[PDB]
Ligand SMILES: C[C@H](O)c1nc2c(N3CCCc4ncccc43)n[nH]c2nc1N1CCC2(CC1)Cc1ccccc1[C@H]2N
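Below sits a lone chain in C-alpha cells, taken as the form solved without the named molecule.
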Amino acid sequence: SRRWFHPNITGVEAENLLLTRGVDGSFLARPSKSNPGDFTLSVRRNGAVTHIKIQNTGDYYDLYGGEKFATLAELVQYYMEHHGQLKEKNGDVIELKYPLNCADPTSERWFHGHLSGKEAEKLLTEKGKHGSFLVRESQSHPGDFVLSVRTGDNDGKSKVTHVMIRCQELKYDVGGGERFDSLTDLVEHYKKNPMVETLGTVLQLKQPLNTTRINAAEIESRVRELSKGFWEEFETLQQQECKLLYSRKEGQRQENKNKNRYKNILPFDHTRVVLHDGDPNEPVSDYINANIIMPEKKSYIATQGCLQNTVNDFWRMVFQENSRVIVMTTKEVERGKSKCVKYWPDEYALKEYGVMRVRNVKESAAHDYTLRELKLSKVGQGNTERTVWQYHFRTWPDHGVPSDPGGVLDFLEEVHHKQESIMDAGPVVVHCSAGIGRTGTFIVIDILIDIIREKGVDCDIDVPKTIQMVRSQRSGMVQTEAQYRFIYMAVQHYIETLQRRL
C-alpha cells in the first residue's frame, strides 16, 4: 500500500516471494544492487514472473515500455488505476493489481536498529518531545525489539516507557492480543489505538525521533559518517513519498495534455502557477506545468523546459509573477534530444512571444554558465519593461552529478546577489527538462545555503526534511541518491569556505 518497495531483496528472493505469497497481478519494486539508481518492477503474470526495468539518471523514472514518472509511488498509482496501459514488447498487458508488502523496517523513520536502552533514553531526553518514539533491537532478549516512548509535559513531568515487542514465528506482538506481520503493522496499529498504562498514561505515538538534523558546523563529520550511510538515509526519505500523492487534476485535463513535456509529470493543483489575463478564445489559458516552491524571503518557481506551444505561456508567467531571474540547468540539447526549446532571442535580437516582447541586450560567458540580460515588456505598454537575468548553467554532466560543487555554488551566489539586488523581485524561475531532478537539487541547495548565509555557521540544517518539504510542493523534487549526496557535498563545501575566511 506504501510497503510494496523491498529495499534489501535480490531478484531470486523477489521471484520466490511472488510465486509463494502472491497471485497473478501481484507485484513489487526493488533496487538493483551494484547498478546505481536502476530499479525493477517485478510482476506475477499467468503463474510466471516478469521483471521490468526502471532507470533514473536524474531527470525522471523511465519505466521500460511504460511512461516516465516523478516518483515510484506516482508510477504505481498510475498503473494500479489504468488497467491496460502497461504492456510487454509483444503487447500483452501487465496488470498491477495487488502490492506484495515488505516487512523490513530499515526504511521507517522510527527504526533505530542496533541501539542500546540507555542511549535511547538520552536521545528522547535531549531531542524528544511528548509522544516521541523509536523502535530498537532488544539486548536482554535477542530476536526481539523494544518500543521506547516519551510521554508528558527536565523535572519529573515527563518519562520514558519501554515496551517489549516479541518476535515469534515470524510475527510481532506487545505481549497479548493481536500478532502483526511487520513492525510497521504493529506501530501503525498502536498509533491508531494507543496502549494505556495500568494507571492511565496513554502511550501516544505522535512522531518519530529526529536524527537527520545537524549543526551546520558539524557537516564534515556527518558526511564522513554517511560515507562509511547515505543510501539508508535516502531510502528512508524515499519511503515518505507515499505521503505526497496530492491531486494533479488540472494537469490531467484534456485541454492541457500537450502542455506537459511528459504526460504523467504534472504540477500539484494546490501549488500550481495559475495564469490569468489570457486569450478569451483559448479553451483553457490558465495552465502551465509549474509550481510555486516556498521554503519553510526568496521563493522559487519550479517548471519544465518549454515546449514549442508553451513558450508564450512561459513568458506570460514570468511577467505575471514579476520574476527577474531565470535559472536554466540543461543545455537545449543533450544526448542528441531536445530538453528545452530556445525561448529567448539571439544576442541583440528582439522577438515577440504572443503579447510579450523580449530583447536580448547582452550575453556574458562565464566558465560554467552564460548570463543573458533580457528585457521583457508587454506589447503596446511602455513603462512595463523590466530586466530579466537568465543564468544558463551549461556544464552539468549528461548523466550523474558534477564531481565537485564549487561551480554550482559560485553560480547560486551570483543568482542570489542579482535576485537580492532587485526591489520586490518575484520568485526565481528554475527549470531543467521535466523540472524535478536538477531543478530540485539546485533549489534545495539554494534553500540550505540561504539559511547558512543568514544564520552563519552555528545554525541547524536538516537535508531530508528540507527535501520532503519541497517534494510536498512539486512531485519528486530531487530524483536520485547521487543528487542527494551532492547536496550534502555542496553544503559542506559552502561551510568549509566560510570557515577558511575566519
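One rule holds for the numbers: they count along the sequence shown, beginning at 1. So that the term is clear: the rigid core is the largest set of C-alpha atoms that superpose within 1.5 Å between two forms.
Query raised in the report: In a third or more of the other entries compared, is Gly251 missing its coordinates?
Result: Negative; every one of those entries includes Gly251.
Query raised in the report: Do a third or more of the other compared entries leave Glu121 out of the model?
Result: Residue status for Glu121: no gap in any other entry.
**Report entry** Continuity check for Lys228 and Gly229, given as deposited residues lacking coordinates between them
**Finding:** Per the deposited record, the segment joining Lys228 and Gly229 lacks coordinates for 10 or more residues.
Report task. Might you work out how many residues are unmodelled in the deposited sequence between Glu296 and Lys297, and answer none, 1 to 3, 4 to 9, or 10 or more? Result -> Gap size class: 10 or more residues without coordinates, per the record.
Query raised in the report: Mean C-alpha B-factor higher for 193-201, or for 378-386?
Result: It is 193-201.
Query raised in the report: Higher mean Cα B-factor in the deposited model: 246-254 or 90-98?
Result: Averaged over C-alpha atoms, the B-factors run higher in 90-98.
Query raised in the report: In the PDB entry, which of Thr370, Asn360, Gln168, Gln304 has its C-alpha at the highest B-factor?
Result: Among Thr370, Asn360, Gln168, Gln304, the PDB entry lists the largest C-alpha B-factor for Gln168.
Query - Most elevated Cα B-factor in the entry, residues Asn46, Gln55, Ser42, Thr439 - result: Of the candidates given, the C-alpha B-factor peaks at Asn46.
Requested in this report: Check where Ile288 lands among this chain's C-alpha B-factors and tell me if it's the lowest, middle or highest third.
Outcome: Lowest third of the chain for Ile288's C-alpha B-factor.
**Report entry** Among modelled residues of the same chain, the CA temperature factor third for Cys459
**Finding:** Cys459: CA B-factor falls in the highest third of its chain.
Query raised in the report: If you rank every modelled residue in this chain by C-alpha B factor, which third holds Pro36: lowest, middle or highest?
Result: It falls in the top third of the chain.
Query raised in the report: Lowest, middle or highest third: where is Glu481 by Cα B-factor in its chain?
Result: Lowest third of the chain for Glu481's C-alpha B-factor.
**Report entry** CA B-factor ranking of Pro267, expressed as a third of its chain
**Finding:** It belongs to the lowest third of the chain when residues are ordered by C-alpha B-factor.
The same protein also has a form deposited with the named molecule bound, omitted here; what follows describes it.
Query raised in the report: Three residues, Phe27, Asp181 and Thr184; all within 4.5 Å of the named molecule in the entry with it bound via heavy atoms?
Result: Negative, none of the three is within 4.5 Å.
Query - Candidate stretches 144-152, 189-197, 103-111, 337-345, one within 4.5 Å of the named molecule in the entry with it bound by heavy atom - result: Heavy atoms within 4.5 Å of the named molecule in the entry with it bound occur in 103-111.
Requested in this report: Consider the chain as shown here, without its partner, and state which of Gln139, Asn258, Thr212, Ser299 has a heavy atom within 4.5 Å of the named molecule in the entry with it bound.
Outcome: Checked against the cut-off, the match is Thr212.
**Report entry** Position in contact with the named molecule when the complex is considered in the entry with it bound, options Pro295, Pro99, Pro208, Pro427, heavy atoms within 4.5 Å
**Finding:** Contact check passes for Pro208.
Requested in this report: Could you confirm whether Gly66 comes within 4.5 Å of the named molecule in the entry with it bound, counting heavy atoms only?
Outcome: It does not: once the named molecule is placed as it appears in the entry with it bound, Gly66 has no heavy atom within 4.5 Å of it.
Query raised in the report: Are any of the heavy atoms in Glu321 no more than 4.5 Å from a heavy atom of the named molecule in the entry with it bound?
Result: Although the named molecule is absent here, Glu321 would stay clear of it in the entry with it bound, with no heavy atoms inside 4.5 Å.
Query raised in the report: Looking in the entry with it bound, any heavy atom of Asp462 within 4.5 Å of the named molecule?
Result: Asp462: yes, in contact with the named molecule in the entry with it bound.
Requested in this report: Answer yes if any heavy atom of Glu332 is within 4.5 Å of a heavy atom of the named molecule in the entry with it bound; otherwise answer no.
Outcome: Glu332 lies outside the contact set for the named molecule.
Query - Candidates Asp346, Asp398, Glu119, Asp424 - which moves between the shown form and the other one, C-alpha at least 2 Å, core fixed - result: Result of the superposition: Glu119 is the only one at 2 Å or more.
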